[PDB]
file work-v2.pdb (PDB, N, CA and C atoms)
ATOM      1  N   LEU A1498       0.828  -1.203   0.000
ATOM      2  CA  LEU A1498       0.000   0.000   0.000
ATOM      3  C   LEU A1498       0.865   1.257   0.000
ATOM      4  N   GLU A1499       1.912   1.269   0.827
ATOM      5  CA  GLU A1499       2.779   2.436   0.929
ATOM      6  C   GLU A1499       3.503   2.714  -0.383
ATOM      7  N   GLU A1500       3.972   1.668  -1.065
ATOM      8  CA  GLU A1500       4.688   1.885  -2.320
ATOM      9  C   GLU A1500       3.742   2.324  -3.433
ATOM     10  N   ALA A1501       2.502   1.824  -3.436
ATOM     11  CA  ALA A1501       1.518   2.350  -4.377
ATOM     12  C   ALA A1501       1.267   3.833  -4.127
ATOM     13  N   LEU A1502       1.121   4.215  -2.854
ATOM     14  CA  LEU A1502       0.949   5.626  -2.524
ATOM     15  C   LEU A1502       2.164   6.443  -2.946
ATOM     16  N   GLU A1503       3.364   5.883  -2.778
ATOM     17  CA  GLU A1503       4.583   6.579  -3.178
ATOM     18  C   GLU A1503       4.616   6.820  -4.681
ATOM     19  N   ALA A1504       4.247   5.808  -5.469
ATOM     20  CA  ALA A1504       4.196   5.989  -6.916
ATOM     21  C   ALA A1504       3.183   7.061  -7.299
ATOM     22  N   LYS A1505       1.999   7.025  -6.682
ATOM     23  CA  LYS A1505       0.989   8.033  -6.993
ATOM     24  C   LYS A1505       1.471   9.436  -6.636
ATOM     25  N   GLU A1506       2.097   9.595  -5.466
ATOM     26  CA  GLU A1506       2.511  10.931  -5.052
ATOM     27  C   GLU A1506       3.697  11.431  -5.866
ATOM     28  N   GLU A1507       4.590  10.541  -6.310
ATOM     29  CA  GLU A1507       5.689  11.004  -7.153
ATOM     30  C   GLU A1507       5.184  11.404  -8.536
ATOM     31  N   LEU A1508       4.196  10.676  -9.071
ATOM     32  CA  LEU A1508       3.578  11.115 -10.319
ATOM     33  C   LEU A1508       2.898  12.468 -10.143
ATOM     34  N   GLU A1509       2.200  12.655  -9.020
ATOM     35  CA  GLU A1509       1.570  13.942  -8.740
ATOM     36  C   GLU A1509       2.612  15.048  -8.608
ATOM     37  N   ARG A1510       3.760  14.737  -8.003
ATOM     38  CA  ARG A1510       4.833  15.717  -7.882
ATOM     39  C   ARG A1510       5.372  16.119  -9.247
ATOM     40  N   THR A1511       5.547  15.149 -10.148
ATOM     41  CA  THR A1511       5.975  15.485 -11.504
ATOM     42  C   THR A1511       4.945  16.368 -12.202
ATOM     43  N   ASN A1512       3.659  16.050 -12.029
ATOM     44  CA  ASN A1512       2.610  16.883 -12.612
ATOM     45  C   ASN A1512       2.661  18.302 -12.060
ATOM     46  N   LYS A1513       2.839  18.439 -10.744
ATOM     47  CA  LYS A1513       2.916  19.765 -10.140
ATOM     48  C   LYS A1513       4.139  20.526 -10.632
ATOM     49  N   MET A1514       5.265  19.831 -10.808
ATOM     50  CA  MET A1514       6.476  20.487 -11.290
ATOM     51  C   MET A1514       6.276  21.022 -12.705
ATOM     52  N   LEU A1515       5.694  20.204 -13.589
ATOM     53  CA  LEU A1515       5.462  20.675 -14.953
ATOM     54  C   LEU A1515       4.442  21.812 -14.977
ATOM     55  N   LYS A1516       3.401  21.724 -14.145
ATOM     56  CA  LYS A1516       2.436  22.815 -14.060
ATOM     57  C   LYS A1516       3.097  24.102 -13.586
ATOM     58  N   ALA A1517       3.979  24.006 -12.588
ATOM     59  CA  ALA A1517       4.650  25.193 -12.069
ATOM     60  C   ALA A1517       5.569  25.818 -13.111
ATOM     61  N   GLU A1518       6.333  24.994 -13.837
ATOM     62  CA  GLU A1518       7.207  25.557 -14.864
ATOM     63  C   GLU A1518       6.393  26.203 -15.982
ATOM     64  N   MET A1519       5.291  25.570 -16.389
ATOM     65  CA  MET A1519       4.431  26.191 -17.390
ATOM     66  C   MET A1519       3.883  27.519 -16.878
ATOM     67  N   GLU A1520       3.404  27.536 -15.631
ATOM     68  CA  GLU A1520       2.757  28.726 -15.090
ATOM     69  C   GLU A1520       3.730  29.889 -14.952
ATOM     70  N   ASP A1521       4.942  29.640 -14.450
ATOM     71  CA  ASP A1521       5.871  30.758 -14.348
ATOM     72  C   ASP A1521       6.544  31.077 -15.678
ATOM     73  N   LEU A1522       6.355  30.244 -16.709
ATOM     74  CA  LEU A1522       6.662  30.689 -18.064
ATOM     75  C   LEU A1522       5.508  31.447 -18.717
ATOM     76  N   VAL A1523       4.303  31.392 -18.141
ATOM     77  CA  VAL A1523       3.157  32.088 -18.730
ATOM     78  C   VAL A1523       3.356  33.599 -18.708
ATOM     79  N   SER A1524       3.834  34.135 -17.584
ATOM     80  CA  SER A1524       3.691  35.556 -17.283
ATOM     81  C   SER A1524       4.486  36.472 -18.205
ATOM     82  N   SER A1525       5.385  35.940 -19.032
ATOM     83  CA  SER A1525       6.325  36.805 -19.738
ATOM     84  C   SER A1525       5.689  37.495 -20.943
ATOM     85  N   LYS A1526       5.289  36.725 -21.953
ATOM     86  CA  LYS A1526       5.019  37.252 -23.290
ATOM     87  C   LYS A1526       3.622  36.872 -23.771
ATOM     88  N   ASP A1527       2.608  37.121 -22.947
ATOM     89  CA  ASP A1527       1.215  36.909 -23.337
ATOM     90  C   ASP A1527       0.539  38.269 -23.494
ATOM     91  N   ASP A1528       0.484  38.760 -24.734
ATOM     92  CA  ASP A1528      -0.175  40.026 -25.040
ATOM     93  C   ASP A1528      -1.387  39.834 -25.942
ATOM     94  N   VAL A1529      -1.218  39.210 -27.107
ATOM     95  CA  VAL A1529      -2.291  38.989 -28.064
ATOM     96  C   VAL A1529      -2.219  37.545 -28.552
ATOM     97  N   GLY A1530      -3.104  37.208 -29.483
ATOM     98  CA  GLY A1530      -3.123  35.870 -30.040
ATOM     99  C   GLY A1530      -4.090  35.790 -31.199
ATOM    100  N   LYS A1531      -4.114  34.618 -31.826
ATOM    101  CA  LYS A1531      -4.993  34.370 -32.956
ATOM    102  C   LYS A1531      -6.313  33.763 -32.484
ATOM    103  N   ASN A1532      -7.257  33.662 -33.416
ATOM    104  CA  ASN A1532      -8.581  33.160 -33.095
ATOM    105  C   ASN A1532      -8.542  31.649 -32.862
ATOM    106  N   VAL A1533      -9.637  31.136 -32.304
ATOM    107  CA  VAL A1533      -9.761  29.721 -31.975
ATOM    108  C   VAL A1533     -10.738  29.066 -32.943
ATOM    109  N   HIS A1534     -10.802  29.592 -34.170
ATOM    110  CA  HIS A1534     -11.754  29.083 -35.154
ATOM    111  C   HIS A1534     -11.538  27.600 -35.429
ATOM    112  N   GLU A1535     -10.284  27.156 -35.457
ATOM    113  CA  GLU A1535      -9.981  25.747 -35.673
ATOM    114  C   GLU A1535      -9.935  24.943 -34.381
ATOM    115  N   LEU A1536     -10.054  25.597 -33.223
ATOM    116  CA  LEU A1536     -10.062  24.866 -31.959
ATOM    117  C   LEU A1536     -11.282  23.961 -31.856
ATOM    118  N   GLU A1537     -12.445  24.448 -32.296
ATOM    119  CA  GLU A1537     -13.656  23.637 -32.256
ATOM    120  C   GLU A1537     -13.562  22.413 -33.155
ATOM    121  N   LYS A1538     -12.711  22.451 -34.185
ATOM    122  CA  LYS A1538     -12.497  21.263 -35.004
ATOM    123  C   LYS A1538     -11.891  20.137 -34.176
ATOM    124  N   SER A1539     -10.913  20.462 -33.330
ATOM    125  CA  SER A1539     -10.355  19.460 -32.429
ATOM    126  C   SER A1539     -11.418  18.936 -31.473
ATOM    127  N   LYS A1540     -12.277  19.826 -30.971
ATOM    128  CA  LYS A1540     -13.331  19.406 -30.054
ATOM    129  C   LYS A1540     -14.308  18.449 -30.725
ATOM    130  N   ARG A1541     -14.712  18.741 -31.964
ATOM    131  CA  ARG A1541     -15.657  17.854 -32.638
ATOM    132  C   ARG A1541     -15.002  16.541 -33.052
ATOM    133  N   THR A1542     -13.716  16.565 -33.418
ATOM    134  CA  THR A1542     -13.015  15.308 -33.661
ATOM    135  C   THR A1542     -12.962  14.464 -32.394
ATOM    136  N   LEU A1543     -12.700  15.097 -31.247
ATOM    137  CA  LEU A1543     -12.719  14.372 -29.982
ATOM    138  C   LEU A1543     -14.109  13.825 -29.680
ATOM    139  N   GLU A1544     -15.151  14.602 -29.984
ATOM    140  CA  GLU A1544     -16.517  14.145 -29.747
ATOM    141  C   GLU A1544     -16.845  12.923 -30.597
ATOM    142  N   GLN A1545     -16.473  12.949 -31.877
ATOM    143  CA  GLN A1545     -16.766  11.794 -32.722
ATOM    144  C   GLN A1545     -15.905  10.594 -32.335
TER     145      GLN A1545
ATOM    146  N   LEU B1498      12.552   0.440   6.857
ATOM    147  CA  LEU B1498      11.949   1.045   5.677
ATOM    148  C   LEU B1498      10.558   1.604   5.964
ATOM    149  N   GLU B1499       9.868   1.112   6.999
ATOM    150  CA  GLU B1499       8.630   1.755   7.438
ATOM    151  C   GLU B1499       8.899   3.161   7.951
ATOM    152  N   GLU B1500       9.937   3.315   8.776
ATOM    153  CA  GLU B1500      10.309   4.649   9.238
ATOM    154  C   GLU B1500      10.683   5.541   8.061
ATOM    155  N   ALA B1501      11.438   4.993   7.104
ATOM    156  CA  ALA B1501      11.803   5.765   5.921
ATOM    157  C   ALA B1501      10.570   6.197   5.133
ATOM    158  N   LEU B1502       9.606   5.292   4.954
ATOM    159  CA  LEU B1502       8.405   5.616   4.192
ATOM    160  C   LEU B1502       7.529   6.628   4.919
ATOM    161  N   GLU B1503       7.433   6.528   6.247
ATOM    162  CA  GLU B1503       6.674   7.525   6.999
ATOM    163  C   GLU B1503       7.319   8.900   6.895
ATOM    164  N   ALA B1504       8.651   8.959   6.991
ATOM    165  CA  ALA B1504       9.342  10.229   6.794
ATOM    166  C   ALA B1504       9.107  10.765   5.388
ATOM    167  N   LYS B1505       9.125   9.880   4.389
ATOM    168  CA  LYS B1505       8.870  10.297   3.015
ATOM    169  C   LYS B1505       7.457  10.843   2.853
ATOM    170  N   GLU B1506       6.474  10.202   3.488
ATOM    171  CA  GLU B1506       5.098  10.681   3.406
ATOM    172  C   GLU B1506       4.941  12.042   4.074
ATOM    173  N   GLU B1507       5.581  12.237   5.231
ATOM    174  CA  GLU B1507       5.525  13.544   5.883
ATOM    175  C   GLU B1507       6.187  14.616   5.021
ATOM    176  N   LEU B1508       7.328  14.282   4.412
ATOM    177  CA  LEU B1508       7.991  15.216   3.511
ATOM    178  C   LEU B1508       7.112  15.533   2.310
ATOM    179  N   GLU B1509       6.407  14.528   1.788
ATOM    180  CA  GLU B1509       5.502  14.750   0.665
ATOM    181  C   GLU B1509       4.353  15.667   1.062
ATOM    182  N   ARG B1510       3.819  15.490   2.271
ATOM    183  CA  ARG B1510       2.764  16.376   2.758
ATOM    184  C   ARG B1510       3.255  17.818   2.838
ATOM    185  N   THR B1511       4.431  18.021   3.439
ATOM    186  CA  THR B1511       4.973  19.374   3.541
ATOM    187  C   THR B1511       5.242  19.963   2.160
ATOM    188  N   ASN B1512       5.799  19.154   1.255
ATOM    189  CA  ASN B1512       6.106  19.619  -0.091
ATOM    190  C   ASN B1512       4.842  20.003  -0.845
ATOM    191  N   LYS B1513       3.781  19.202  -0.725
ATOM    192  CA  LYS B1513       2.549  19.519  -1.438
ATOM    193  C   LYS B1513       1.884  20.763  -0.861
ATOM    194  N   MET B1514       1.950  20.951   0.461
ATOM    195  CA  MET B1514       1.411  22.176   1.047
ATOM    196  C   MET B1514       2.172  23.399   0.542
ATOM    197  N   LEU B1515       3.507  23.326   0.555
ATOM    198  CA  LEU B1515       4.317  24.440   0.074
ATOM    199  C   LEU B1515       4.068  24.706  -1.406
ATOM    200  N   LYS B1516       3.975  23.643  -2.207
ATOM    201  CA  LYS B1516       3.718  23.793  -3.634
ATOM    202  C   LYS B1516       2.366  24.445  -3.879
ATOM    203  N   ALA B1517       1.339  24.022  -3.140
ATOM    204  CA  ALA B1517       0.022  24.624  -3.296
ATOM    205  C   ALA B1517       0.051  26.105  -2.946
ATOM    206  N   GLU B1518       0.708  26.465  -1.839
ATOM    207  CA  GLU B1518       0.709  27.871  -1.446
ATOM    208  C   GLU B1518       1.498  28.731  -2.432
ATOM    209  N   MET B1519       2.636  28.236  -2.935
ATOM    210  CA  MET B1519       3.399  29.066  -3.864
ATOM    211  C   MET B1519       2.713  29.149  -5.223
ATOM    212  N   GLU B1520       2.051  28.073  -5.658
ATOM    213  CA  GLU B1520       1.267  28.140  -6.886
ATOM    214  C   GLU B1520       0.114  29.124  -6.746
ATOM    215  N   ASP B1521      -0.541  29.140  -5.582
ATOM    216  CA  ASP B1521      -1.602  30.113  -5.350
ATOM    217  C   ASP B1521      -1.059  31.535  -5.393
ATOM    218  N   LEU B1522       0.110  31.763  -4.788
ATOM    219  CA  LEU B1522       0.718  33.090  -4.837
ATOM    220  C   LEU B1522       1.053  33.492  -6.270
ATOM    221  N   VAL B1523       1.618  32.565  -7.049
ATOM    222  CA  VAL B1523       1.972  32.862  -8.435
ATOM    223  C   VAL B1523       0.723  33.184  -9.247
ATOM    224  N   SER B1524      -0.348  32.411  -9.049
ATOM    225  CA  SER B1524      -1.593  32.673  -9.763
ATOM    226  C   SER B1524      -2.180  34.025  -9.376
ATOM    227  N   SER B1525      -2.129  34.370  -8.086
ATOM    228  CA  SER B1525      -2.650  35.656  -7.639
ATOM    229  C   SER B1525      -1.773  36.823  -8.072
ATOM    230  N   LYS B1526      -0.518  36.560  -8.448
ATOM    231  CA  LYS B1526       0.335  37.633  -8.956
ATOM    232  C   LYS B1526      -0.271  38.287 -10.193
ATOM    233  N   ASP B1527      -0.779  37.484 -11.124
ATOM    234  CA  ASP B1527      -1.344  37.995 -12.366
ATOM    235  C   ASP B1527      -2.828  38.282 -12.169
ATOM    236  N   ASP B1528      -3.204  39.556 -12.277
ATOM    237  CA  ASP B1528      -4.590  39.974 -12.105
ATOM    238  C   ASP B1528      -5.099  40.904 -13.197
ATOM    239  N   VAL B1529      -4.227  41.629 -13.893
ATOM    240  CA  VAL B1529      -4.651  42.585 -14.907
ATOM    241  C   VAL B1529      -4.317  42.125 -16.323
ATOM    242  N   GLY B1530      -3.405  41.172 -16.490
ATOM    243  CA  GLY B1530      -2.939  40.782 -17.806
ATOM    244  C   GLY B1530      -3.959  40.082 -18.683
ATOM    245  N   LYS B1531      -3.477  39.461 -19.755
ATOM    246  CA  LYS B1531      -4.352  38.826 -20.729
ATOM    247  C   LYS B1531      -5.050  37.612 -20.125
ATOM    248  N   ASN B1532      -6.223  37.296 -20.668
ATOM    249  CA  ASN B1532      -7.024  36.169 -20.214
ATOM    250  C   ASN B1532      -6.663  34.867 -20.918
ATOM    251  N   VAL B1533      -5.628  34.874 -21.765
ATOM    252  CA  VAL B1533      -5.184  33.651 -22.432
ATOM    253  C   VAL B1533      -4.451  32.708 -21.496
ATOM    254  N   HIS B1534      -4.224  33.108 -20.243
ATOM    255  CA  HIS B1534      -3.608  32.207 -19.274
ATOM    256  C   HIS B1534      -4.475  30.976 -19.055
ATOM    257  N   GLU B1535      -5.780  31.182 -18.858
ATOM    258  CA  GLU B1535      -6.691  30.061 -18.666
ATOM    259  C   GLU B1535      -6.892  29.257 -19.942
ATOM    260  N   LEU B1536      -6.723  29.877 -21.112
ATOM    261  CA  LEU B1536      -6.821  29.135 -22.365
ATOM    262  C   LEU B1536      -5.817  27.989 -22.397
ATOM    263  N   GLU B1537      -4.544  28.287 -22.139
ATOM    264  CA  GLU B1537      -3.534  27.234 -22.108
ATOM    265  C   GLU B1537      -3.587  26.416 -20.821
ATOM    266  N   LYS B1538      -4.066  27.005 -19.719
ATOM    267  CA  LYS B1538      -4.297  26.233 -18.502
ATOM    268  C   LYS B1538      -5.370  25.168 -18.696
ATOM    269  N   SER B1539      -6.237  25.335 -19.691
ATOM    270  CA  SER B1539      -7.156  24.285 -20.109
ATOM    271  C   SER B1539      -6.608  23.446 -21.254
ATOM    272  N   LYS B1540      -5.751  24.027 -22.096
ATOM    273  CA  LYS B1540      -5.120  23.262 -23.166
ATOM    274  C   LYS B1540      -4.264  22.130 -22.609
ATOM    275  N   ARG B1541      -3.533  22.393 -21.522
ATOM    276  CA  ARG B1541      -2.719  21.341 -20.916
ATOM    277  C   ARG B1541      -3.578  20.135 -20.555
ATOM    278  N   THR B1542      -4.711  20.380 -19.892
ATOM    279  CA  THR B1542      -5.648  19.302 -19.600
ATOM    280  C   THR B1542      -6.213  18.699 -20.876
ATOM    281  N   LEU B1543      -6.336  19.498 -21.938
ATOM    282  CA  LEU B1543      -6.832  18.971 -23.206
ATOM    283  C   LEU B1543      -5.911  17.884 -23.746
ATOM    284  N   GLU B1544      -4.610  18.174 -23.856
ATOM    285  CA  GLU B1544      -3.710  17.105 -24.299
ATOM    286  C   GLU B1544      -3.607  15.978 -23.275
ATOM    287  N   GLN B1545      -3.640  16.288 -21.976
ATOM    288  CA  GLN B1545      -3.603  15.215 -20.987
ATOM    289  C   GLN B1545      -4.741  14.229 -21.221
TER     290      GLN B1545
END

call {"tool": "encode", "arguments": {"input": "work-v2.pdb", "output": "C-alpha cells"}}
result
Amino acid sequence: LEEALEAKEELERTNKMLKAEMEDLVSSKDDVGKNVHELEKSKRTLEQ
Amino acid sequence: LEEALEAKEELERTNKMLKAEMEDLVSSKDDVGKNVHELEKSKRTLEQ
C-alpha cells in the first residue's frame, strides 16, 4: 500500500512540477493571439 | 523502511502544502494581464 501511494505521489509531484514551470513561463510574453476558429475542429473530432 | 516511508510521506505532505501555497501566490500575482492564461491552462488538460 505504501509503495503504491509513493508511486501516486511522485507522479503527482511530476505533474505539479510541470504545471509550475508552465505557469511561471506564462507571465512573460502573453499580449495577443490568434482566433480559436480551428479549436472547435479538435473538439468535434474528440466528440466523434 | 517503514520509518523511511513515513518520513517520506511527511515530507511529501509538507512539499505539497508548500507547492500549493506558492502556486496560489503565483496565480494571484497575475490579475490585470491577458485572459489567455486560462486558455492554455485548459489546453494542458486537453492534451492530458

call {"tool": "resolve_selection", "arguments": {"input": "work-v2.pdb", "expression": "the PyMOL selection byres (((chain B and resi 1530-1536 and name CA) around 10) and name CA)", "output": "compact mmCIF listing (two decimals) with N, CA and C atoms, keeping the file's coordinate frame"}}
result
# COMPACT_ATOMS: atom_id res chain seq x y z
N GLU A 1520 3.40 27.54 -15.63
CA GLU A 1520 2.76 28.73 -15.09
C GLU A 1520 3.73 29.89 -14.95
N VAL A 1523 4.30 31.39 -18.14
CA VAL A 1523 3.16 32.09 -18.73
C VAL A 1523 3.36 33.60 -18.71
N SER A 1524 3.83 34.14 -17.58
CA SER A 1524 3.69 35.56 -17.28
C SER A 1524 4.49 36.47 -18.20
N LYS A 1526 5.29 36.72 -21.95
CA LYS A 1526 5.02 37.25 -23.29
C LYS A 1526 3.62 36.87 -23.77
N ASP A 1527 2.61 37.12 -22.95
CA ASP A 1527 1.22 36.91 -23.34
C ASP A 1527 0.54 38.27 -23.49
N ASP A 1528 0.48 38.76 -24.73
CA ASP A 1528 -0.18 40.03 -25.04
C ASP A 1528 -1.39 39.83 -25.94
N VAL A 1529 -1.22 39.21 -27.11
CA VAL A 1529 -2.29 38.99 -28.06
C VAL A 1529 -2.22 37.54 -28.55
N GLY A 1530 -3.10 37.21 -29.48
CA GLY A 1530 -3.12 35.87 -30.04
C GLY A 1530 -4.09 35.79 -31.20
N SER B 1524 -0.35 32.41 -9.05
CA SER B 1524 -1.59 32.67 -9.76
C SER B 1524 -2.18 34.02 -9.38
N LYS B 1526 -0.52 36.56 -8.45
CA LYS B 1526 0.34 37.63 -8.96
C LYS B 1526 -0.27 38.29 -10.19
N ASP B 1527 -0.78 37.48 -11.12
CA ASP B 1527 -1.34 37.99 -12.37
C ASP B 1527 -2.83 38.28 -12.17
N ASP B 1528 -3.20 39.56 -12.28
CA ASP B 1528 -4.59 39.97 -12.10
C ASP B 1528 -5.10 40.90 -13.20
N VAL B 1529 -4.23 41.63 -13.89
CA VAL B 1529 -4.65 42.58 -14.91
C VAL B 1529 -4.32 42.12 -16.32
N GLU B 1537 -4.54 28.29 -22.14
CA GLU B 1537 -3.53 27.23 -22.11
C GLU B 1537 -3.59 26.42 -20.82
N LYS B 1538 -4.07 27.00 -19.72
CA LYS B 1538 -4.30 26.23 -18.50
C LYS B 1538 -5.37 25.17 -18.70
N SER B 1539 -6.24 25.34 -19.69
CA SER B 1539 -7.16 24.28 -20.11
C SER B 1539 -6.61 23.45 -21.25
N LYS B 1540 -5.75 24.03 -22.10
CA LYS B 1540 -5.12 23.26 -23.17
C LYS B 1540 -4.26 22.13 -22.61
N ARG B 1541 -3.53 22.39 -21.52
CA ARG B 1541 -2.72 21.34 -20.92
C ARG B 1541 -3.58 20.14 -20.56

call {"tool": "calpha_fit_and_write", "arguments": {"input": "work-v2.pdb", "fixed": "chain B", "moving": "chain A", "output": "tab-separated table (two decimals) with N, CA and C atoms, in the frame of the given file"}}
result
chain	number	residue	atom	x	y	z
A	1498	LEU	N	8.24	-0.82	7.21
A	1498	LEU	CA	6.98	-0.09	7.09
A	1498	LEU	C	7.13	1.34	7.59
A	1499	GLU	N	7.80	1.52	8.73
A	1499	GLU	CA	7.97	2.85	9.31
A	1499	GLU	C	8.79	3.76	8.40
A	1500	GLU	N	9.84	3.22	7.78
A	1500	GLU	CA	10.67	4.06	6.91
A	1500	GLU	C	9.95	4.40	5.62
A	1501	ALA	N	9.13	3.48	5.09
A	1501	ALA	CA	8.29	3.84	3.95
A	1501	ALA	C	7.32	4.96	4.31
A	1502	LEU	N	6.70	4.86	5.49
A	1502	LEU	CA	5.81	5.93	5.94
A	1502	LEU	C	6.57	7.24	6.11
A	1503	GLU	N	7.81	7.17	6.61
A	1503	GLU	CA	8.62	8.37	6.79
A	1503	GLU	C	8.92	9.03	5.45
A	1504	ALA	N	9.28	8.24	4.44
A	1504	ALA	CA	9.52	8.80	3.12
A	1504	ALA	C	8.26	9.45	2.56
A	1505	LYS	N	7.11	8.78	2.70
A	1505	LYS	CA	5.87	9.36	2.20
A	1505	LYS	C	5.53	10.67	2.91
A	1506	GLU	N	5.69	10.70	4.24
A	1506	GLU	CA	5.32	11.91	4.97
A	1506	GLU	C	6.30	13.05	4.72
A	1507	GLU	N	7.58	12.75	4.50
A	1507	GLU	CA	8.52	13.83	4.18
A	1507	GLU	C	8.25	14.39	2.79
A	1508	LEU	N	7.89	13.52	1.83
A	1508	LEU	CA	7.48	14.03	0.52
A	1508	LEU	C	6.23	14.90	0.65
A	1509	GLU	N	5.27	14.46	1.46
A	1509	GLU	CA	4.06	15.25	1.68
A	1509	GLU	C	4.40	16.59	2.34
A	1510	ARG	N	5.36	16.59	3.27
A	1510	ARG	CA	5.79	17.82	3.91
A	1510	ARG	C	6.41	18.79	2.90
A	1511	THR	N	7.23	18.27	1.99
A	1511	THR	CA	7.79	19.13	0.95
A	1511	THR	C	6.68	19.70	0.06
A	1512	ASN	N	5.69	18.87	-0.28
A	1512	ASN	CA	4.57	19.36	-1.07
A	1512	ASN	C	3.81	20.46	-0.33
A	1513	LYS	N	3.56	20.26	0.96
A	1513	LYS	CA	2.86	21.27	1.74
A	1513	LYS	C	3.67	22.56	1.84
A	1514	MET	N	4.99	22.44	1.98
A	1514	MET	CA	5.84	23.63	2.07
A	1514	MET	C	5.78	24.43	0.77
A	1515	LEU	N	5.89	23.75	-0.37
A	1515	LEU	CA	5.82	24.47	-1.64
A	1515	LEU	C	4.43	25.07	-1.86
A	1516	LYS	N	3.38	24.35	-1.48
A	1516	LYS	CA	2.03	24.90	-1.58
A	1516	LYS	C	1.88	26.14	-0.72
A	1517	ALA	N	2.41	26.11	0.50
A	1517	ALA	CA	2.30	27.25	1.40
A	1517	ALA	C	3.05	28.46	0.86
A	1518	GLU	N	4.27	28.25	0.35
A	1518	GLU	CA	5.01	29.39	-0.20
A	1518	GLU	C	4.31	29.96	-1.43
A	1519	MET	N	3.77	29.10	-2.29
A	1519	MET	CA	3.01	29.60	-3.43
A	1519	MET	C	1.80	30.40	-2.96
A	1520	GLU	N	1.06	29.86	-1.98
A	1520	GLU	CA	-0.18	30.49	-1.54
A	1520	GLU	C	0.07	31.84	-0.89
A	1521	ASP	N	1.09	31.95	-0.02
A	1521	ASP	CA	1.33	33.26	0.57
A	1521	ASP	C	2.09	34.19	-0.37
A	1522	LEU	N	2.58	33.69	-1.51
A	1522	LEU	CA	2.98	34.59	-2.58
A	1522	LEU	C	1.82	35.00	-3.48
A	1523	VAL	N	0.68	34.31	-3.39
A	1523	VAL	CA	-0.47	34.64	-4.24
A	1523	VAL	C	-1.01	36.03	-3.93
A	1524	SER	N	-1.14	36.36	-2.64
A	1524	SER	CA	-2.00	37.46	-2.20
A	1524	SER	C	-1.51	38.84	-2.63
A	1525	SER	N	-0.29	38.96	-3.15
A	1525	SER	CA	0.28	40.29	-3.33
A	1525	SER	C	-0.27	41.00	-4.57
A	1526	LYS	N	0.01	40.47	-5.76
A	1526	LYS	CA	-0.13	41.22	-7.01
A	1526	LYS	C	-1.01	40.48	-8.01
A	1527	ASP	N	-2.20	40.06	-7.57
A	1527	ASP	CA	-3.18	39.45	-8.46
A	1527	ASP	C	-4.35	40.42	-8.65
A	1528	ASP	N	-4.30	41.19	-9.74
A	1528	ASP	CA	-5.37	42.13	-10.07
A	1528	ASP	C	-6.08	41.75	-11.36
A	1529	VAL	N	-5.35	41.61	-12.47
A	1529	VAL	CA	-5.91	41.28	-13.77
A	1529	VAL	C	-5.06	40.19	-14.41
A	1530	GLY	N	-5.42	39.83	-15.63
A	1530	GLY	CA	-4.67	38.82	-16.35
A	1530	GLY	C	-5.16	38.71	-17.78
A	1531	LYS	N	-4.47	37.86	-18.54
A	1531	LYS	CA	-4.81	37.63	-19.93
A	1531	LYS	C	-5.77	36.45	-20.06
A	1532	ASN	N	-6.29	36.27	-21.28
A	1532	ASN	CA	-7.26	35.22	-21.53
A	1532	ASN	C	-6.58	33.85	-21.53
A	1533	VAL	N	-7.42	32.81	-21.48
A	1533	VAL	CA	-6.95	31.43	-21.44
A	1533	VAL	C	-7.23	30.76	-22.78
A	1534	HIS	N	-7.21	31.55	-23.85
A	1534	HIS	CA	-7.53	31.03	-25.18
A	1534	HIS	C	-6.59	29.90	-25.57
A	1535	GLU	N	-5.31	30.01	-25.21
A	1535	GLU	CA	-4.35	28.96	-25.52
A	1535	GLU	C	-4.26	27.89	-24.43
A	1536	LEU	N	-4.96	28.08	-23.31
A	1536	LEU	CA	-4.95	27.07	-22.25
A	1536	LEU	C	-5.59	25.77	-22.73
A	1537	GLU	N	-6.70	25.87	-23.48
A	1537	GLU	CA	-7.36	24.68	-24.00
A	1537	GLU	C	-6.48	23.91	-24.98
A	1538	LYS	N	-5.51	24.58	-25.62
A	1538	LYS	CA	-4.57	23.87	-26.47
A	1538	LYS	C	-3.74	22.88	-25.66
A	1539	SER	N	-3.28	23.29	-24.48
A	1539	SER	CA	-2.57	22.37	-23.60
A	1539	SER	C	-3.47	21.22	-23.18
A	1540	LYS	N	-4.74	21.51	-22.89
A	1540	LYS	CA	-5.68	20.47	-22.49
A	1540	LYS	C	-5.89	19.45	-23.60
A	1541	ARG	N	-6.05	19.91	-24.84
A	1541	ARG	CA	-6.27	18.96	-25.93
A	1541	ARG	C	-5.00	18.20	-26.28
A	1542	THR	N	-3.83	18.82	-26.15
A	1542	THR	CA	-2.59	18.07	-26.31
A	1542	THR	C	-2.47	16.98	-25.25
A	1543	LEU	N	-2.84	17.30	-24.00
A	1543	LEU	CA	-2.84	16.29	-22.95
A	1543	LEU	C	-3.84	15.18	-23.26
A	1544	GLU	N	-5.01	15.54	-23.79
A	1544	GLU	CA	-6.01	14.54	-24.13
A	1544	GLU	C	-5.51	13.60	-25.22
A	1545	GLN	N	-4.88	14.14	-26.26
A	1545	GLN	CA	-4.38	13.27	-27.32
A	1545	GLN	C	-3.19	12.44	-26.83

call {"tool": "atom_distance", "arguments": {"input": "work-v2.pdb", "atom1": "atom N of residue 1505 in chain B", "atom2": "CA of residue 1512 in chain A"}}
result
19.5 Å

call {"tool": "atom_distance", "arguments": {"input": "work-v2.pdb", "atom1": "CA of residue 1502 in chain B", "atom2": "CA of residue 1521 in chain B"}}
result
28.1 Å

call {"tool": "atom_distance", "arguments": {"input": "work-v2.pdb", "atom1": "atom N of residue 1542 in chain A", "atom2": "atom N of residue 1542 in chain B"}}
result
16.7 Å

call {"tool": "axis_aligned_box", "arguments": {"input": "work-v2.pdb", "around": "range 1505-1518 of chain A", "padding_each_side": "8 Å", "output": "JSON"}}
result
{"center_x": 4.1, "center_y": 16.6, "center_z": -10.5, "size_x": 22.2, "size_y": 35.2, "size_z": 26.9}

call {"tool": "resolve_selection", "arguments": {"input": "work-v2.pdb", "expression": "the PyMOL selection byres (((chain B and resi 1513 and name CA) around 12) and name CA)", "output": "number ranges by chain"}}
result
A: 1506-1507, 1509-1514; B: 1506-1512, 1514-1520
